[PDB]
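Okay, here's what each chain looks like letter by letter:
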Number of protein chains: 2
Amino acid sequence: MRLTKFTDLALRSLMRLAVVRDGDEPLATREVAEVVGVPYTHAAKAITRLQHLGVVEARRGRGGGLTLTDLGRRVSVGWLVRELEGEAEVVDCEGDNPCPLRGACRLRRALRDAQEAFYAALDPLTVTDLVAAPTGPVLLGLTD
Amino acid sequence: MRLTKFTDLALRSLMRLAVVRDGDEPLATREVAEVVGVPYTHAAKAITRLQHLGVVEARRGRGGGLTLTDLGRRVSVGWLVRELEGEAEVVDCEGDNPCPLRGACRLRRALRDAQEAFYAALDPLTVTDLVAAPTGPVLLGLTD
DNA sequence: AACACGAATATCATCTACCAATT
DNA sequence: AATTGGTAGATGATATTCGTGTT
Ligand code: SF4
Ligand code: SF4
């Protein structure tokens, strides 16, 4: 059981954008992707996703890059992981070869509850929490 | 975020073995794999794993198949999912391209706690619970 | 001088098949 | 008449790339 590199990459991007100095300069996607150490092209897809979600402002030209939106700073990590991962079932009951235990599986209820426990354990935290010490100092130091 | 078909397949096998009538006849791996609808060869690897864990008795010849061990009926689903999935991190921080936020990532602590919440939501249930109504009746009906 | 949107290419983690060795 | 242990082919999900179209 593992989170997509898409989701973790997008959260890296959100954190980098969250440590930015208030009104220093908008960040180009390349510089964020290189600071957090991910391929630029994957980061750009994550940026388009985050922009659709409303957490990241992506100025498109004439001077301008990436800004953390008001929303971006107060949204919870649980909501972000739900929207970036897609809350898809933790098991593929109705795949190409569906399980005969559909419609009367207590394991499916159990795994439903466990996945909700995961997401709810993420639900309190915001992105400002994720960039508190010692993470914030590290991200800032990494800009050189 | 998805559970391996190995783990879900093995839990299907455990459930099928749990509904077996007390001293009816030991189950061949083929008949279990076909009742629960998984490829036989994958099921055999899961069976070897379960036997190493001590939950499944696999008589090797001269007449004999699969039995749920005393342990098998009282073990928790959380323990089973831990041993079959391997408690590997839900993110690959030290992969081929390690994250620069190792050693000072609050997201890693958050995801650690969320994964523990998952496993602990599974920790109460046993395998006898998973085959209670309506699952047990369905598994039994499926034997024809 | 950047971000967005859609079509492949690559990759790798697991799904799966298989042969030989017991028993 | 079955289960076990090591070896690759299969696969499909996603990690990644890229070209064109805005802006
Ligand atoms: S055993 Fe239950 S939870 Fe697992 S794949 Fe089948 S229906 Fe889904
Ligand atoms: S951002 Fe944190 S949790 Fe994510 S891969 Fe990097 S160190 Fe791990």
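Presented here is an overview of the structure given in this document. (Residues numbered from 1 in each chain as written, not as in the entry; some residues may be left out. Chains lettered and ligands numbered in written order. Heavy atoms only, no water. Residues with missing side-chain atoms left out of burial classes, pairs and counts.)

**Some thoughts on the interface of chain A and chain B**
No. 1: Contacts between chain A and chain B engage 45 residues on the former and 45 residues on the latter.
No. 2: Interface area for chain A against chain B, summed over the two sides, is near 4100 Å², with a carbon-plus-sulfur share of 69%.
No. 3: Between chain A and chain B we count 1 salt bridge in total.
No. 4: For A:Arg2, the salt bridge goes to B:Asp92, with nearest N and O atoms at 3.7 Å.
No. 5: Put simply, chain A and chain B have 15 residue pairs in polar contact between them.
No. 6: Put simply, the parts of the chain that give the side of chain A that touches chain B at least two residues each are α1 (5-19), α2 (29-36), α5 (77-85), α6 (106-122), α7 (127-130) and α8 (135-141) of chain A.
No. 7: Take the side of chain A that touches chain B: its biggest share by element is 12 residues, from α6(A).
No. 8: For the side of chain A that touches chain B, the residue count by class is 31 nonpolar, 3 polar and 11 charged. (Contact = heavy atoms within 4.5 Å. Buried area = accessible area lost by both parts, 1.4 Å probe. Salt bridge = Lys/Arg side-chain N within 4 Å of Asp/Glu carboxyl O. Polar contact = N/O pair within 3.5 Å; in protein donor to acceptor, adjacent residues only side chain to side chain. Helix = DSSP H or I, 4+ residues; strand = E, 2+ residues; numbered from the N terminus. Nonpolar A, V, L, I, M, F, W, Y, C, P; charged D, E, K, R; others polar.)

**Some points on the pattern of salt bridges**
No. 1: Here the structure, examined in full by the defined rule, presents 15 salt bridges over all chains.
No. 2: The residue A:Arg108 makes a salt bridge to A:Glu89 at a minimum N-O spacing of 2.6 Å. Note that A:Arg108 is positioned in helix α6 and A:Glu89 in the loop between α5 and α6, a separation of 19 residues in sequence.
No. 3: The class of A:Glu89 is partly exposed, set by a relative accessible area of 30%.
No. 4: With its nearest N and O atoms 3.3 Å apart, the salt bridge here joins B:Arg82 to B:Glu87. (Buried < 20%, exposed > 50% of the residue type's maximum accessible area, 1.4 Å probe, protein only.)

**Quick word on the packing of α2(A) against helix α3 (residues 40-53) of chain A**
Residue and element names in this part refer to chain A.
No. 1: In the contact formed by α2 and α3, the axes pass within 9 Å of each other and the chain directions differ by 115°. Regarding the angle of α2 to α3, the classification is roughly perpendicular. Handedness of the α2/α3 crossing: right-handed. For the pair formed by α2 and α3, the contact residues are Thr29, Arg30 and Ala33 on the first element and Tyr40, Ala43, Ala44 and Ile47 on the second.
No. 2: Broken down by class, the residue content of the contact of α2 with α3 amounts to 5 nonpolar, 1 polar and 1 charged. (Axes fitted to C-alpha atoms, helices over the stretch in contact; angles between N-to-C directions. Parallel < 35°, antiparallel > 145°, perpendicular 65-115°, else oblique. Left-handed = near helix turned anticlockwise from the far one by under 90°.)

**Topic: α5(A)**
No. 1: The element α5(A) is extensively covered by neighbouring structure, given that 7 of its 9 residues are classed as buried.
No. 2: Considered for burial, the residues of α5(A) that qualify are A:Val77, A:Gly78, A:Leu80, A:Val81, A:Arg82, A:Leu84 and A:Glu85.
No. 3: Against α1, α3, α6 and α7 of chain A together with α6 (106-122) of chain B lie the buried residues of α5(A).
No. 4: The opening residue of α5(A), the one whose side-chain oxygen lies 3.2 Å from the backbone nitrogen of A:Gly78, is A:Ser76.
No. 5: Phi turns positive, to about 95°, at A:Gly86, one or two residues after α5(A).

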